[PDB]
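>>> Before I ask anything, here's the sequence and the deposited coordinates:
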Amino acid sequence: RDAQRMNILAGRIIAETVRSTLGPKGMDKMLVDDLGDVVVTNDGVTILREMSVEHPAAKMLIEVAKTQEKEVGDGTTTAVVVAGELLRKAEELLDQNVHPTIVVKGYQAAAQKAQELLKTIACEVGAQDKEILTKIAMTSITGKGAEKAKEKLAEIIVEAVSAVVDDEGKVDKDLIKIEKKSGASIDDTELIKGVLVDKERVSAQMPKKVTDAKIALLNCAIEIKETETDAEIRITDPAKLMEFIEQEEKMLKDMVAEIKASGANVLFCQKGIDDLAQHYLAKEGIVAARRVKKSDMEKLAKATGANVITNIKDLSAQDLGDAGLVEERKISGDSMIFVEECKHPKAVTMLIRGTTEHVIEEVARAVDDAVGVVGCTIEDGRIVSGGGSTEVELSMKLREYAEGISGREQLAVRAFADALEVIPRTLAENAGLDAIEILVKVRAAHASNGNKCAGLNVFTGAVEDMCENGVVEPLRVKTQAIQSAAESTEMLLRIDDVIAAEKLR
């Protein structure tokens, strides 16, 4: 009968299950399917993407959430809690014989008005100041869940994103690889100004270090080759078999001679080196490996600027690569190859260590997105405080503006401003502190001429300066999240009737 009353309540259930997960110490409840595989994750996107639903309108709020995850990578949880309030406060207006067309007009006007206020609240910083840059690095790692180790880790991130800043000022996620490998401890982490591969030489008689490496890039797998024309090999005489095994090997020695004659001190072949072939490339002083993945051969082409060749019978001086140094070392365990190019590098790598395959993958998954949030921050250059601090300031700005606008729509603008007051409330209850008594003091600081950068610290549990502690986030996560909220909630408020949708392609 009510119909619309059933959708406003469904949005609160989906939002309640991802309400307490906000903040660093965000707990999560178990919800295992009928199978048995237990999954424990703090991120909300991992649950909303796999958790089932019951009503058809529940997908409206999840659809807009997927597009938000593919743009910033963090803050999607804050975009869902703001929808439950705006969707709940509407019930107070409907009881007063208010038409849905009136409450939807206040959110659009209030949302657009905030676009100009955030510009004045945001500060201004440079795009190369390493001092303030390090402060943003520790703020990202701490926001995920790795406070025990964040001193040197913050310095490895600022040097990686800053060492790949093009002239136009655009960060590229493809130029940042992540190599996982257990070790002694996580503190044994260091960046490389080049590339990295987890392979070892085939023989122990090859060189260990060489300068001005002339790598020979190959794009062919391991398999018996055949001319473009149909042809097959035949064998019948067992005694004569010894003549072919040595003949084919002879066709390889003279073939590599043309590669070495064209200046090829090194060689990164992509085939199974014959047992006797290892003796030739070893005495001549040419490293090599057997069986390498294609993912490692595609990055070297664009990194070193080599040309992709498919015919081994055509490798002249103009068909080879180039690298800086190729020294063989170890890092508490095996001995892999370390290819570098300090003359003209184009990408960096990271060899995060640890003690178990589970602890290295967790931090390895929360670092790929951290650089993305700090990367776009340098592109824009404007930063604004966050963590519930600015949310309390916007309320005072909207209340003063609500008094100017007249008409019956002056009630929705007040609920929209007060709806954002739940951000510091969830953080207060998270640490086990009362909220009704703490929200009265945070407003006193922002009386008039008070510092706009001030919020509640989850550690000490009192009002402090966010600029000194470490609670700052870019304005892109707020301007886009608040914009998607008004665009998502309007789908359920405008609709005032259901339909028996059946057979619709």
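That came through, no problem. Residues are numbered from 1 along each chain as shown.
>>> so what's residue 470 up against?
When contacts are counted by Cβ atoms under 8 Å, 6 or more residues apart in numbering, residue 470 touches 135, 138, 139, 142. (C-beta placed from N, C-alpha, C; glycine too.)
>>> Tell me how many other residues surround residue 358.
Residues near residue 358, counting by other Cβ atoms under 10 Å, number 9.
>>> Now do residue 493: how many residues are near it, please.
So residue 493, with other Cβ under 10 Å, has 19 neighbours.
>>> again but with residue 8, I slipped
For residue 8, using other Cβ under 10 Å, the count is 19.
>>> Quick check: it touching residue 489?
No: under the criterion of Cβ atoms under 8 Å, residue 8 is not in contact with residue 489, lying 9.9 Å apart.
>>> quick one: common contacting residues for those two?
Joint contacts of residue 8 and residue 489 (Cβ under 8 Å, 6+ apart) are residue 87.
>>> In the stretch 1-150 of the chain, mark out all the strands, start to finish.
123-124 (DSSP state E, counting those that start in this stretch).
>>> Which stretches in it count as helices?
In the stretch 1-150 of the chain, the helices defined using DSSP state H, counting those that start in this stretch lie at 4-16, 45-48, 58-69, 76-94, 100-121, 130-144.
>>> Put together JSON lines for these, with distance to residue 444 on each row.
Below are the helices of the stretch 1-150 of the chain laid out as JSON lines (distance: least, Cβ to Cβ, whole Å):
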{"stretch": "helix 4-16", "distance to residue 444": "30"}
{"stretch": "helix 45-48", "distance to residue 444": "37"}
{"stretch": "helix 58-69", "distance to residue 444": "34"}
{"stretch": "helix 76-94", "distance to residue 444": "23"}
{"stretch": "helix 100-121", "distance to residue 444": "19"}
{"stretch": "helix 130-144", "distance to residue 444": "26"}
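>>> So for residue 429, which of those sits nearest?
Evaluated over the helices of the stretch 1-150 of the chain, closeness to residue 429 peaks at helix 76-94, with 12.6 Å, by Cβ to Cβ.
>>> Which strands and helices lie in contact with that closest one?
In terms of contacts (3 or more Cβ pairs under 8 Å, 6 or more residues apart in numbering; DSSP states H and E), helix 76-94 is packed against helix 4-16, helix 58-69, helix 100-121, helix 412-419, helix 422-430, helix 476-494.
>>> wait, what's in contact with the closest residue in space to residue 180 that isn't next to it in sequence?
Excluding its sequence neighbours, the residue lying closest to residue 180 (Cβ to Cβ, 6 or more residues apart in numbering) is residue 360, at 5.0 Å. Neighbouring residues of residue 360 by Cβ under 8 Å, 6+ apart: 180, 181, 182, 186, 352, 353, 354.
>>> In its sheet, which strands sit next to the strand ranked longest in the chain, and in what direction?
Identified as the longest strand of the chain according to DSSP state E is strand 323-328. Sheet pairing of strand 323-328 (DSSP bridges) gives strand 211-213 (antiparallel), strand 337-339 (antiparallel).
>>> As CSV, could you dump the C-alpha coordinates of that strand?
The C-alpha coordinates for strand 323-328 follow below in CSV (Å, rounded to 0.1, in the frame of the first residue of the first chain):
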residue,chain,number,x,y,z
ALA,A,323,70.0,-1.3,-19.5
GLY,A,324,72.2,0.2,-16.8
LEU,A,325,73.5,-2.5,-14.5
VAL,A,326,72.6,-6.1,-14.1
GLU,A,327,74.3,-7.3,-10.8
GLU,A,328,73.4,-10.5,-9.1
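>>> Return the set of buried residues in it.
323, 324, 325, 326, 328 (16 or more other Cβ atoms under 10 Å).
>>> now swap in stretch 36-51 and tell me
Across stretch 36-51, burial judged by 16+ other Cβ under 10 Å covers 42, 43, 44, 45, 47, 48.
>>> Equivalent analysis for stretch 373-388, please.
373, 374, 375, 376, 377, 378, 383, 384, 385, 386, 387, 388.
>>> what does it rub up against?
72-74, 118-119, 121-127, 136-137, 140, 157, 161, 165, 169-171, 173, 390, 423-424, 427, 452-453, 455-456, 466-467, 471-478.
>>> Need the winner for burial among the helices of the stretch 1-150 of the chain.
helix 76-94 (a mean of 20; mean count of other Cβ atoms under 10 Å).
>>> ok, residue 199 to residue 271 distance?
13 Å (Cβ to Cβ, to the nearest Å).
>>> Between the two, which is the more surrounded one?
residue 271 (19 against 15).
>>> what's the closest non-adjacent residue to that one?
Excluding the flanking residues, the one nearest residue 271 by Cβ to Cβ, 6+ apart is residue 222, at 4.6 Å.
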